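Undergrad: piece number one of the complex, untouched:
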Amino acid sequence: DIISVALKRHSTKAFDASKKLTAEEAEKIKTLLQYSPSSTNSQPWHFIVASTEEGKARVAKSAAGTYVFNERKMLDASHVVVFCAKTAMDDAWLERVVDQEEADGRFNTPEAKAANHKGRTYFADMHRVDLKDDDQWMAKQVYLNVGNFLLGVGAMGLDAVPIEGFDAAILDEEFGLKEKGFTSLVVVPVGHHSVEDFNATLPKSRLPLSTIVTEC
């Protein structure tokens, strides 16, 4: 009942620092990150998975000052995932993706690999050259991954919260992401809620279907 999951999951506001993911749950949440779809299977992303106390403290440095309300969440969760996008799409990455597809057996003929390569490069160059928005295009693929991830961990029975309330410049510098060609977009602490998670008992709220949906 994935609809029941969607109506029961929520953004956790406080995590129990004594409750850790199992070894199997930790493997599964990385599978979720890995197997998210993306346009042209571009996978323009990298993920920092912080589970040690020092690692999470490094992530939490980005939630200082104006974002202090998000700091404890990053310190208290079991596993803290930093979602990162590539800052520029390059031909080396397009080759890495198509060569991984080739090794995985997705091309039955050389014609199929050449068409998959040409099609992906044509669409990536539309963003790289024509629209000059490949950084935005790739970041959108990362947000799609986040949405897949939040529903996935909810269906696993894990608590989580997506966070944009952090200083991405501080987080990027903390993990040297700019020199690697990545930038942090969303931080998602994952674990089990604590008694201070006031959002666990509040009702959900969405705009009504009469507003957001047009049936045609």
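TA: Yep, it's here. Numbers count the residues shown, from 1 in each chain, chains lettered A, B, ... in the order given.

Undergrad: I figured residue A:163 was touching residue A:71, is that so?
TA: No: using CB atoms under 8 Å, residue A:163 is not in contact with residue A:71; the gap is 10.1 Å. Heads up, the C-betas are built off the backbone N, CA and C, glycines and all.

Undergrad: settle it for me: which of those two has more neighbours?
TA: Neighbour count, other CB atoms under 10 Å: between residue A:163 and residue A:71, residue A:163 has more, with 22 against 19.

Undergrad: what do residue A:163 and residue A:71 both touch?
TA: residue A:63 (CB atoms under 8 Å, 6 or more residues apart in numbering).

Undergrad: host element of the residue nearest the centre of chain A?
TA: In chain A, the C-alpha nearest the mean C-alpha coordinate belongs to residue A:146, at 3.6 Å (CA atoms, centre = their mean). Taking DSSP states H and E as the criterion, residue A:146 maps to helix A:134-155.

Undergrad: can you list the buried residues in that helix?
TA: A:134-135, A:137-142, A:145-146, A:148-155 (16 or more other CB atoms under 10 Å).

Undergrad: and for residue A:194, the neighbour number?
TA: Counted with other CB under 10 Å, residue A:194 comes out at 18.

Undergrad: let me fix that, I meant to ask about residue A:39.
TA: 16.

Undergrad: contacting residues for the residue nearest to it when sequence neighbours are not counted?
TA: Leaving aside its sequence neighbours, residue A:39 sits nearest to residue A:141 (CB to CB, 6 or more residues apart in numbering; 5.9 Å). Applying CB under 8 Å, 6+ apart to residue A:141 gives the contacts A:38, A:39, A:42, A:43, A:44, A:45, A:85.

Undergrad: JSON lines for the residues you listed, including distance to residue A:124?
TA: Output for the contacts of residue A:141, formatted as JSON lines (distance: CB to CB, whole Å):
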{"residue": "A:38", "distance to residue A:124": "12"}
{"residue": "A:39", "distance to residue A:124": "9"}
{"residue": "A:42", "distance to residue A:124": "7"}
{"residue": "A:43", "distance to residue A:124": "12"}
{"residue": "A:44", "distance to residue A:124": "9"}
{"residue": "A:45", "distance to residue A:124": "15"}
{"residue": "A:85", "distance to residue A:124": "14"}
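
Undergrad: neighbour-wise, give me the winner out of those residues.
TA: Sorting the contacts of residue A:141 by how many neighbours each has (other CB under 10 Å) puts residue A:44 first, at 27 neighbours.

Undergrad: and that one, what are its phi and psi?
TA: Backbone torsions of residue A:44, given as degrees, to the nearest 10, read phi -80, psi 60.

Undergrad: how near is it to residue A:208?
TA: 35 Å (CB to CB, to the nearest Å).

Undergrad: also residue A:132?
TA: From residue A:132 to residue A:208 the distance is 38 Å (CB to CB).

Undergrad: also, this goes in as chain B:
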Amino acid sequence: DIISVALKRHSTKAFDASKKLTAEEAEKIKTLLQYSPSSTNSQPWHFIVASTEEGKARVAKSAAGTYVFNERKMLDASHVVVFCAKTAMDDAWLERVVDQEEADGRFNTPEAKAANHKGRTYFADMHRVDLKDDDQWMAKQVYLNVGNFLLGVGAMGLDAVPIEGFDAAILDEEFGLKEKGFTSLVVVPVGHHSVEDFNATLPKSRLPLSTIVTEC
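TA: Now chain B, sitting on the chains shown earlier:
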């Protein structure tokens, strides 16, 4: 198991037009679109759900010509969902969201509404005034919804494919989206794959964890 769903779902390349969603599935997918999370619960989206022959043909107009390889997906699927983002974030929309949250009982005191209203608007003007990218910020919330949606319909046993290969200017004009304040971002046909779906029997391909994940 939701990890089984993630490992088994695929982008459907051909649909069986005779396999419709059930009435119950058609109601579930609307709740699935509605209850996706979004930054500050901004819900900056609208969805066209085309299920009639005329409606699906109208959406398919956006795939004529250069994007013709996506046209039959839009025509043959049971239901076709058009994900749209608001073109600009306005104060009236933010008040609509907070009014809905209050009506649903999320605020215990008046000091809980205003701190929520000003917390949403302080972060809203971060993209409206400072970073001048609220259109991009809203689009990213819509992509997050798409990711929630593809895992969701996959958990329901339904087939789907997310489509960026369409002409948004044609789709926007066909549904008058600009005048309503929205623009089309992703088309997702939903239904059941046919035997012509060559991607149903291809192995999935993802970059390895040693590339995309840094544990700390």
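
Undergrad: now that chain B has been added, could you go back to the neighbour count of residue A:39?
TA: Using other CB atoms under 10 Å in any protein chain shown, residue A:39 is surrounded by 22 other residues.

Undergrad: contact partners for it?
TA: Residues near residue A:39 by CB atoms under 8 Å, 6 or more residues apart in numbering or on different chains: A:123, A:137, A:141, B:162, B:164.

Undergrad: next, the angle helix B:134-155 makes with the helix holding residue A:146.
TA: Interaxial angle, helix A:134-155 versus helix B:134-155 (axes from the mean of the first three to the mean of the last three CA atoms, to 10 degrees): 40 degrees.

Undergrad: so helix A:134-155, near chain B or not?
TA: Yes: on the criterion CB under 8 Å from any CB of the partner chain, helix A:134-155 is in touch with chain B at A:136, A:139-141, A:143-152, A:155.

Undergrad: repeat for stretch A:118-128
TA: Yes: interface with chain B: stretch A:118-128 contributes residue A:123 (CB under 8 Å from any CB).

Undergrad: gap between that stretch and the chain center?
TA: Its chain's average C-alpha position is 23 Å from that of stretch A:118-128, according to CA atoms, centre = their mean, to the nearest Å.

Undergrad: for that stretch, buried residues please.
TA: A:120, A:121, A:123, A:124, A:127, A:128 (16 or more other CB atoms under 10 Å in any protein chain shown).

Undergrad: in what helix or strand does the closest residue in space to the second one that isn't next to it in sequence lie?
TA: The shortest distance from residue A:121 to any non-neighbouring residue, by CB to CB, 6 or more residues apart in numbering or on different chains, is to residue A:94 (5.9 Å). Take DSSP H and E as the rule and residue A:94 turns out to sit in helix A:91-103.

Undergrad: dump the helix or strand that that helix is followed by to CSV, restricted to CA.
TA: Moving toward the C-terminus from helix A:91-103, the next helix or strand (DSSP H and E) is helix A:110-125. What follows is helix A:110-125, C-alpha atoms only, in CSV (Å, rounded to 0.1, in the frame of the first residue of the first chain):
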residue,chain,number,x,y,z
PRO,A,110,26.9,-1.7,-32.0
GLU,A,111,24.2,0.3,-33.8
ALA,A,112,22.3,0.5,-30.5
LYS,A,113,25.3,1.8,-28.5
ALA,A,114,26.0,4.5,-31.2
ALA,A,115,22.4,5.7,-31.2
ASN,A,116,22.2,5.8,-27.4
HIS,A,117,25.4,7.8,-27.3
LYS,A,118,24.4,10.1,-30.1
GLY,A,119,21.0,10.7,-28.6
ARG,A,120,22.3,11.4,-25.2
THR,A,121,25.0,13.8,-26.5
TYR,A,122,22.5,15.7,-28.6
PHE,A,123,20.2,16.3,-25.7
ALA,A,124,23.0,17.1,-23.2
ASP,A,125,24.5,19.6,-25.8
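
Undergrad: packing partners of helix A:110-125?
TA: helix A:91-103 (3 or more CB pairs under 8 Å, 6 or more residues apart in numbering or on different chains; DSSP states H and E).
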